[PDB]
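Below are the chains, spelled out letter by letter.
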Amino acid sequence: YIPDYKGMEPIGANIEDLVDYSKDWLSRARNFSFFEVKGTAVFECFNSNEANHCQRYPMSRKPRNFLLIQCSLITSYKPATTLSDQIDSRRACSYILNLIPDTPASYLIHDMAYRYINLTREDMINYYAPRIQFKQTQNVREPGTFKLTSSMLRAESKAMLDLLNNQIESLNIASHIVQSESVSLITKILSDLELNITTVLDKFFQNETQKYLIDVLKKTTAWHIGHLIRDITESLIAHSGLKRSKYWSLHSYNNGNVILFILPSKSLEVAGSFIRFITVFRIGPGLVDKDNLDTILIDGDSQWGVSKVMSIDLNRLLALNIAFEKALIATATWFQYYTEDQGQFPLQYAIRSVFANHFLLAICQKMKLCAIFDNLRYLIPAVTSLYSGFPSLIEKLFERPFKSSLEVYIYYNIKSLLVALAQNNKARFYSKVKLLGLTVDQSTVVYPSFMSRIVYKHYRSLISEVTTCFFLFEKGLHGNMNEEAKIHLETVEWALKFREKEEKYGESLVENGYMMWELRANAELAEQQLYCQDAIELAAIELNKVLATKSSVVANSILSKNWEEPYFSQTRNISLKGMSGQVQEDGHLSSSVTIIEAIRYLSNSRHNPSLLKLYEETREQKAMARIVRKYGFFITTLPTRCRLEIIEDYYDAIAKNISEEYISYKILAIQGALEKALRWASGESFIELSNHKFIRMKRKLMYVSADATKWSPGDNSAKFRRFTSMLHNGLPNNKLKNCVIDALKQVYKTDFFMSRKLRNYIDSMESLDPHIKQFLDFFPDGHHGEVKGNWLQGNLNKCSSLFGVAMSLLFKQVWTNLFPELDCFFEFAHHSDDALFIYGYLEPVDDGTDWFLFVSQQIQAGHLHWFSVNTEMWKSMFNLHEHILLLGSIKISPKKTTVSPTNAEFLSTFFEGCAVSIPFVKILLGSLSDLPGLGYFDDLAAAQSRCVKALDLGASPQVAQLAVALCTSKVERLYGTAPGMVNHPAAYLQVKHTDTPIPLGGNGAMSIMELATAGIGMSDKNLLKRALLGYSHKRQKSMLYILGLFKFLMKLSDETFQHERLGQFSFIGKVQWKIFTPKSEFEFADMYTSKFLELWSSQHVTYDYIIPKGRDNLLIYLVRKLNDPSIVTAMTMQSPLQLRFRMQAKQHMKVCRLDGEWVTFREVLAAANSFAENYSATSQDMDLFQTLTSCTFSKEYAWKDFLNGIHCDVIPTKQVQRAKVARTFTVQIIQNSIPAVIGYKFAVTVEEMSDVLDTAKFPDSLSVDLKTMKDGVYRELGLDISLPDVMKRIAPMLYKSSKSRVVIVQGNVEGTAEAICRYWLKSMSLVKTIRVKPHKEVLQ
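Residues numbered from 1 in each chain as written, not as in the entry; some residues may be left out. Heavy atoms only, no water.

## Here's the deal with the overall build of the protein
Then, in step 1: Regarding its fold elements, the protein presents 51 helices and 34 strands.
Then, in step 2: Whereas a compact globule of 1340 residues would reach a radius of gyration of roughly 34 Å, the protein reaches 34 Å, a difference of no more than 12%.
Then, in step 3: With an accessible surface of roughly 55,200 Å², the protein has 52% of that area assigned to carbon and sulfur atoms.
Then, in step 4: Between the averaged position of the 152 positive side-chain charges in the protein and that of its 139 negative side-chain charges there is a distance of 5 Å. (Helix = DSSP H or I, 4+ residues; strand = E, 2+ residues; numbered from the N terminus. Rg over C-alpha atoms; globule rule 2.2 N^0.38 Å. Areas by Shrake-Rupley, 256 points an atom, 1.4 Å probe, with all protein chains shown as cover. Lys, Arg positive; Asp, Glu negative; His and termini not counted. Charge placed at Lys NZ, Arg CZ, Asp CG, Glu CD.)

## Here we look at empty space enclosed by the protein
Then, in step 1: Of the volumes computed, that of the largest cavity is approximately 90 Å³.
Then, in step 2: Around the largest cavity, the lining residues are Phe937, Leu940, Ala941, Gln944, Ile998, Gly1004, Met1006, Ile1016, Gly1017, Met1018, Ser1019 and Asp1020.
Then, in step 3: With four residues, the top contributor of residues to the lining of the largest cavity is helix α35 (residues 936-952).
Then, in step 4: Considering only residue class, the lining of the largest cavity consists of seven nonpolar, four polar and one charged. (1 Å grid on protein atoms, 1.4 Å probe; cavity = no way out; pocket = protein on both sides within 12 Å on 5 of 7 lines; lining within 4 Å. Points joined across faces, edges and corners; volume = space filled by probe spheres on them. Nonpolar A, V, L, I, M, F, W, Y, C, P; charged D, E, K, R; others polar.)

## Section: the domain arrangement of the protein
Then, in step 1: Each assigned domain of the protein is listed with its residue range as follows: domain 1 (71-166 + 199-321), domain 2 (935-1193) and domain 3 (1208-1226 + 1300-1332).
Then, in step 2: A straight line from the C-alpha centre of domain 2 to that of domain 3 covers 33 Å.
Then, in step 3: Our count for the domain 2 to domain 3 interface comes out at one salt bridge.
Then, in step 4: The partner of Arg1301 in a salt bridge is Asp952, and the shortest N-O contact between them spans 3.0 Å.
Then, in step 5: Where domain 2 touches domain 3, the interface holds four residue pairs in polar contact.
Then, in step 6: Sorting the residues of the side of domain 2 that touches domain 3 by element identifies α35, α36 (957-975) and α37 (1008-1013) as the ones contributing at least two each.
Then, in step 7: Here the side of domain 2 that touches domain 3 takes four residues from α35, the largest share from any one element.
Then, in step 8: Here the side of domain 2 that touches domain 3 is composed, by residue class, of six nonpolar, four polar and two charged. (Domains from an automatic or database assignment. Salt bridge = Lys/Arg side-chain N within 4 Å of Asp/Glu carboxyl O. Polar contact = N/O pair within 3.5 Å; in protein donor to acceptor, adjacent residues only side chain to side chain.)

## Considerations on the packing of aromatic side chains
Then, in step 1: Following the criterion strictly, the structure yields 71 aromatic pairs and no others.
Then, in step 2: Aromatic pair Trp334 and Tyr338: ring centres 5.3 Å apart, planes at 25 degrees, arrangement stacked. Here the residue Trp334 and the residue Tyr338 both occupy positions in helix α11 (residues 323-342), the gap between them amounting to four residues, near one helical turn. Per residue, the accessibility class of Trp334 equals that of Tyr338, and both read buried.
Then, in step 3: Centroid distance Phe1076 to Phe1141: 6.1 Å. Interplanar angle 45 degrees. Geometry classified as tilted. (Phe/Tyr/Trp six-rings, centres within 6.5 Å; stacked < 30°, edge-to-face > 60°. Buried < 20%, exposed > 50% of the residue type's maximum accessible area, 1.4 Å probe, protein only.)

## A closer look at the layout of surface pockets
Then, in step 1: For the second largest pocket, the calculated volume is near 1,500 Å³.
Then, in step 2: Looking at the second largest pocket, it is lined by 43 residues, and the ones nearest its centre are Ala80, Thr81, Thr82, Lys1146 and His1148.
Then, in step 3: Breaking the lining of the second largest pocket down by element, the ones donating at least two residues are α3 (82-97), α9 (221-238), β5 (249-253), α36 and α43 (1139-1146).
Then, in step 4: Taken together, domain 1 (71-166 + 199-321) and domain 2 (935-1193) each give at least three residues to the lining of the second largest pocket, which thus spans both.

## Describing the sheet that holds strand β25 (residues 784-788)
Then, in step 1: Taken in spatial order, the four strands line up as β20-β19-β24-β25 in an open sheet, and their pairing is mixed. Among the strands making up the open sheet, the edge pair consists of β20 (634-636) and β25. With direction set aside, neighbouring strand axes in the sheet form an average angle of 35 degrees.
Then, in step 2: Here strand β19 (residues 623-627) pairs with strand β24 (residues 749-753) via three bridges, running parallel. Opposite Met624, over in β24, you have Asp751 as the bridge partner. (Pairing = 2+ DSSP bridges. Axes fitted to C-alpha atoms, helices over the stretch in contact; angles between N-to-C directions.)

## Concerning the side chain of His358
Then, in step 1: As for its position among the elements, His358 is in helix α12 (residues 348-363).
Then, in step 2: Once residues within four sequence positions are removed from consideration, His358 is found in contact with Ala327, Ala330, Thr331, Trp334, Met451, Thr468, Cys469 and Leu472. (Contact = heavy atoms within 4.5 Å.)

## Points about α11
Then, in step 1: For α11, spanning 20 residues, the distance from its first C-alpha to its last is 28 Å, which sits close to the expected 28 Å at 1.5 Å a residue.
Then, in step 2: Of all 20 residues making up α11, 18 are buried, and the element is well covered by its neighbours.
Then, in step 3: One or two residues past the end of α11 sits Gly343, with phi positive at roughly 80 degrees. (Expected span 1.5 Å × (residues − 1).)

## Digging into α3
Then, in step 1: With 16 residues, α3 should reach 22 Å at 1.5 Å per residue; the first-to-last C-alpha distance of 22 Å fits that figure.
Then, in step 2: Looking only at α3, the buried set comprises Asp85, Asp88, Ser89, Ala92, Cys93 and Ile96. Along the axis of α3, the buried residues cluster in a sector spanning 135 degrees; they form a single face.
Then, in step 3: Each element contacted by the buried residues of α3 is listed here: α4 (104-117), β5, β6 (258-262), β7 (275-282) and β10 (302-306). (Arc of directions from axis to C-beta.)

## Points about the pattern of salt bridges
Then, in step 1: Counted under the stated rule, the structure contains 56 salt bridges.
Then, in step 2: Between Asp652 and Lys656 there is a salt bridge, with the nearest N and O atoms lying 3.5 Å from each other.
Then, in step 3: Taking the relative accessible area as the measure of exposure, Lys656 reaches 30% and is therefore partly exposed.
Then, in step 4: For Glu827, the salt bridge identified is with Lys812, shortest N-O distance 2.9 Å. Residue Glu827 is found in strand β26 (residues 825-831), and its partner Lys812 is found in helix α30 (residues 797-818); the two are separated by 15 residues along the sequence.
Then, in step 5: Of the residues examined, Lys812 reaches a relative accessible area of 30% and is grouped as partly exposed.
Then, in step 6: Put simply, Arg230, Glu325 and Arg973 are held in one network by salt bridges that share partners.

## Notes on a positive patch on the surface
Then, in step 1: Taken together, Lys710, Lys891, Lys895 and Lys896 make up a surface patch of like positive charges.
Then, in step 2: For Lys891, the location among the structural elements is in the loop between α32 (873-887) and β28 (898-901).
Then, in step 3: Taking relative accessible area as the criterion, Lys891 reaches 45% and is therefore assigned partly exposed. (Patch = residues over 30% accessible without salt bridge, like charges linked within 9 Å, V, L, I, M, F, W, Y side chains within 5 Å.)

## Re unusual backbone geometry
Then, in step 1: For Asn254, which is not a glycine, the phi torsion comes out positive at approximately 60 degrees.
Then, in step 2: Here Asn254 lies in the loop between β5 and β6.
Then, in step 3: Classification of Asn254 by relative accessible area gives buried; the value is 8%.
Then, in step 4: The phi angle at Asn255 is positive, at roughly 60 degrees, despite the residue not being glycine.
Then, in step 5: The class of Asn255 is partly exposed, set by a relative accessible area of 46%.

## Re the packing of helix α7 (residues 176-194) against helix α15 (residues 405-424)
Then, in step 1: Running from amino to carboxyl end, α7 crosses α15 at an angle of 100 degrees, the nearest separation of the two axes being 8 Å. When the interaxial angle is binned, α7 and α15 end up roughly perpendicular. Only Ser405, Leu406, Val408, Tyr409, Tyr411 and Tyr412 of α15 make contact with α7, whose side of the interface consists of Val178, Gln179, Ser182, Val183, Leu185, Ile186, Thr187 and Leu190.
Then, in step 2: Looking at the contact of α7 with α15 residue by residue, the classes come out as 10 nonpolar, four polar and no charged. (Parallel < 35°, antiparallel > 145°, perpendicular 65-115°, else oblique.)

## Some remarks on the side chain of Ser927
Then, in step 1: Mapped onto the fold, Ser927 is located in helix α34 (residues 920-929).
Then, in step 2: Setting aside residues up to four positions removed in sequence, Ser927 forms contacts with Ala943, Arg946, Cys947 and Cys967.

## Section: the environment of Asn879
Then, in step 1: Secondary-structure assignment places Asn879 in helix α32.
Then, in step 2: Taking the C-alpha atoms as reference, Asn879 lies 9.8 Å from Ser868; in sequence the two are 11 residues apart.
Then, in step 3: Filtering out sequence-adjacent residues up to four positions away, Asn879 remains in contact with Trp25, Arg30, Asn31 and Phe32.

Next up, the structure:
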């Protein structure tokens, strides 16, 4: 049922009125919004912005410190050990005690060295003892620390400690001297870093990546400095515990040449805490900035740099810990991009320079560099086009102050590069190429590298280089304290502008729109946040001209949106996305989760309402918005999400029916527009004269790339109302359309709330600036203020895209009506937030006298709008298009919008951006970023899955293999399972490290190909199959021992309760690891006990395959989902408390579950060996093992078989780069889904039966389907489905789910998973051509 909502009565909007308005508008001069790229213009823009930056900022004469850790290396670095730490610390203290301190930091260092070197033998024994054998001493109260009180502290040291415990200038970027000094310093550091200290995939890796990348960088100073930095950051992390951070610590490295002093500090477990440390090193080549050192002590022919006190937080510490891996993966990505651009491997000097640059960027994590590279990502396209908004981007380069030498150096390089690129465009000339399927005239002009003296053939290599640089910075830098405040002020500024417009014109005009006659009378109404009602209606008519031919499809799509389906039974409504909660007693808006709000509603309700019913029950509630705590993003409340879902469902249903013409979802619309444009340009124009003669006019094209659909804080949602009122749908009534209009009306006004963090920051300002004064004045009660028009980045993308398409069609009709005699062209295409506009204009073939005479005569004959057509007609085309878009509330961005002629590189970049949305380097670096902390097996699986996802995003298999190796090495380091460390399974399990199951610390190192095809768990499956075969054939003892290990893991799993689900069924046992959740701090996690939840899960088995629809079962199901360890870990990902477990993992504490106790991983291994030694196989165990080996894991072994049965050979042909395209990695009797059939099988209750009936598409066939499949299991494999255990084992074998992976490939590849695998095998070499031998389908 749909309640009767009020509709909108149509207005008498006339297209000819808009045509007359455009006639008047085009009769005068208009300003083009973009600037010509000239080289001199870019240089002058840089100089003027330098002068302005000098004006706005107070001057600093001393560049700030940018190196968090200062050190030097002259010899190959050996990783630190406890014995090496002791020896190096003794030698280092002996070295330091001979020196004469000058500065207070030097005095503190001397005092610390004296205290450490005078600790007793028991103190030294307990200083390096593990937590198990540690015994507290008077001086040593924590394992790796000691005590240093004021009795032995000097006066200078004590004063310095007291000072430690208890306006924004900028460098003079306009000075050539400041640039010269910064360039000199950074050049010296980079040269120091570059110095040298003194399977088929396996073969390709050893010949290419090992030879040209790994062997080159293995000897560089950067490699060993990175390992030394990893050791230092490990010490700093180990000191960050609650008990240990209050004491002092001393560590040493490189035979005493590097010394770390750790001072008492607040623990990193609690948020907003810093570790303080001082690094003392021998002066030499490395990460040395002598001008920023605290002091330089002199010894006989030697120097010791003592740094100032460094305070580092948890995120910066983790980034510095993984800096070496980040730099190596960035350099490997650069390696692959270089081989793609040039077709050859880079030389040693270029790889060394790239690696040094990447390492310097990765160790120096600051927001200024990240913002600079973010801006460069769009600055590079802005100087390679004909027209762009590069002055605005160069201005954006100067928003924050310049503080360090590194910032000045990067800016100087960027200015040089951009001026060089802009000066390249002056050699533009017309030529001939083969675009799409035509020979067309293109206007082309050597792109220098940014870190080496390499020149690319394409500027997309430059763009990807800058992108990889930008992703070297942690995503935790965004947000911080400047971005949150900035987004708050931007929102409040746009709301204040909306209020000013309301005061000037009245609330009705800003909400309902202005009329065309008012626009003619005032001419200032054409702006952002205001729209013309006539323009909205006419754009709706223009879109209706396309929609009226597909009315049936649009209607069927809308009714296919399932408006009567229960709201909270859908996945998107029970997710962990993030949602605003309730207004608390103190008056703030709560940051909450979608599932938590779902449980809050159901617990206070008696039914699971549908979307329309939920909208009617919450209609009267006000929309509320907030900034997300830490994850510039907004979160809204449940009624706001419901209204946005109504609007977006309606408009997605409508917009999917024009996806092949205007809105690319794939690239068909853009290719069609390009084909039409190129076909049009092939012809010639003949303008008819009054004297029956003709003028010959030549056709040319201009392309504009713009982000027109992207959400803007300056916008008015109310326009959509009239749009919705006039858009044609096939429905016979207006109830659904009226409901959409009503939802739009209810989303108009929002309560935007300040955050607690920002409020505290404001209260700590101590000096309220005028903009801060206005921002605080925006909130009457100090908590929330009303916002209108702006929908706060809510999901309305399909509506905005459809609206933009309608306005572009309106412009197309208006321009056709303006020049009936002229034969002009216009074609546009939308893809996500991007849009490509193609204008086809006319130029005189001759000198142009006849054309000028014709234009003058047309002007004299009263057609005054021909003034805009005399020269540069495409400019007037774009001006009128932009003005018409502004008649809605669409402003084409002055920045980030590029204008080009026909150009192969421009179109290639646009199509590449359309095909791929995420660079694979982002996923590659996020693999090292952080781990879920759920144990060895889970962390390994997560890292491997991220590497496979990166491979799906276009990463070469060699780069992905290197990333897999690095991630596996890091996980083994964290859990101690690698050889030589205390958690190595080979010391307890009496089997080989490769014969050990992964949950028991086994060797998880696997090929990237098998991980991508077979999956992220096939090591255990292969081990089980081999052990079963060996025992069943030869009855060997070792195979029985491996089976016993698997049975021990299975018993471990049975000890715990993991109901799981069809999509996450597990059969190989897993060690249960300690997860220090906030003890279920979640609000509604305490509704039902774990025992009650386990009983419910056992009783209701059908709900393990489908989702309940009734309120009670849904509430219990959602509580159970809340109580999932994996969901708990994800819901506390950004909590600063997690590191405790990491430390407990590194200290090898009692973090594993065994016999209802918390024990060490070593104790788990000992129990595993004890169980496996006495284990004897039974009939039930052998039967089960056969079901898993031959049936459950059957699909994965098949991909392995195909992998092992393939043959590839090198063809004497150079590799050819191709356009990248997305494909689907997807690998009949039963007409219902397997989850529905199985739930029907297990349905015993009326509620469960009804739930499966609603879930199933064809309920009537359900039983029949079950029957036939119940035959197959008892016919193809001879197993009894009637047993629930057998059903659970066989269900994931019969479930052909997932495969919804999207893989980026080249053009030739097909959509078959076998084709994707064959393409991956052909891309196993970065230079050579690989041909597969079978040349047929060899996958079962």
